[PDB]
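This report refers to the structure that appears directly beneath it.
When a ligand or atom number is given, it counts from 1 through the structure's own listing order. For this chain, numbers begin at 1 and follow the sequence in order.
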Amino acid sequence: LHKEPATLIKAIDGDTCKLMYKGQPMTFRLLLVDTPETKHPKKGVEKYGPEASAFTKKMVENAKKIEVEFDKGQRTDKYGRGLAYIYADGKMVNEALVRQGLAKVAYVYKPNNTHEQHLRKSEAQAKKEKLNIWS
Ligand SMILES: Cc1cn([C@H]2C[C@H](OP(=O)(O)O)[C@@H](COP(=O)(O)O)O2)c(=O)[nH]c1=O
Ligand SMILES: [Ca+2]
């Protein structure tokens, strides 16, 4: 995979944000994970949703550098959101969230699953430690 620079425009929630990519604003959705919902009425504000948003927001807003890394399959979903692993100063937001128990490994669609095992080992550690979602 290859990392590419991006510029934070606006953090929306734990797993969705707007970034300037290739001189074009677009919303991105984190690959392989799912932070709780805070916008959709069908799900309501799920437990830990706000916590996940705050964690992500702090992480991306305080970064000197943001990079996006597409996987080997499709680069956008049906809603036109970019699908990537996002790094804030070299730290993967997707993993950071899972490690804290603020996200679950979800939507594993191949061939977009290069980092699946890494994220799963982190989720296991969070459950093991009974963190947030796993408390
Ligand atoms: C992470 C991801 C989400 N999605 C879709 C699945 C869900 O569609 P439906 O909305 O039709 O259920 C939605 C979940 O994202 P949200 O957590 O933003 O809702 O986005 C993909 O298509 N591919 C992906 O890799
Ligand atoms: Ca979500």
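- Atom 23 (N) of ligand 1 has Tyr109 CE1, 3.4 Å as its closest protein atom, hydrogens excluded (heavy atom only).
- Take the N/O/S atoms of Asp34: the one nearest the Ca ion (ligand 2) is OD1.
- Distance from atom 8 (O) of ligand 1 to its nearest protein heavy atom, with residue and atom name: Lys78 NZ, 3.1 Å.
- Atom 24 (C) of ligand 1 has its closest protein heavy atom at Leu83 CD2, 3.7 Å.
- If you look at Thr35 next to ligand 1, there are no close heavy atoms at all, none under 4.0 Å.
- Checked options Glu69, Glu67, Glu95; the residue passing with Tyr87 is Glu69 (criterion: side chain to side chain donor-acceptor pair (under 3.5 Å)).
- Taking 4.0 Å as the cut-off between side-chain N and carboxylate O, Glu116 and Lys110 do not count as a salt-bridged pair.
- Contact annotation: for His40 versus ligand 1, there are no heavy atoms closer than 4.0 Å.
- Of the possible donor and acceptor atoms, one in the side chain of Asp89 sits under 3.5 Å from a partner among the backbone N and O of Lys65.
- Distance from atom 10 (O) of ligand 1 to its nearest protein heavy atom, with residue and atom name: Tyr79 OH, 2.9 Å.
- Atom 7 (C) of ligand 1 has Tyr107 CE2, 3.9 Å as its closest protein atom, hydrogens excluded (heavy atom only).
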Candidate pair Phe55 and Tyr48, rule ring pair (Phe, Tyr, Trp, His ring centres under 6.0 Å), full reasoning: CA-CA 10 Å; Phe55 185 91; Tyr48 296 110; over 10 Å; no

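- Under the 3.5 Å distance criterion, the side-chain polar atoms of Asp34 are left unmatched by any main-chain donor or acceptor of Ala103.
- Between the Ca ion (ligand 2) and the N, O or S atoms of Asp15, the shortest distance is to OD2.
- Closest to atom 22 (O) of ligand 1 among all protein heavy atoms lies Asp77 CB, 3.5 Å.
- Checking each of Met26, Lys18, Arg75, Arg29 against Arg81 for a side-chain contact (heavy atoms from CB on, under 4.5 Å) leaves exactly one that passes, namely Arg29.
- Not a single heavy atom of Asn112 sits closer than 4.0 Å to an atom of ligand 1.
- For atom 13 (C) of ligand 1, the nearest non-hydrogen atom of the protein is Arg81 NH2, 3.7 Å.
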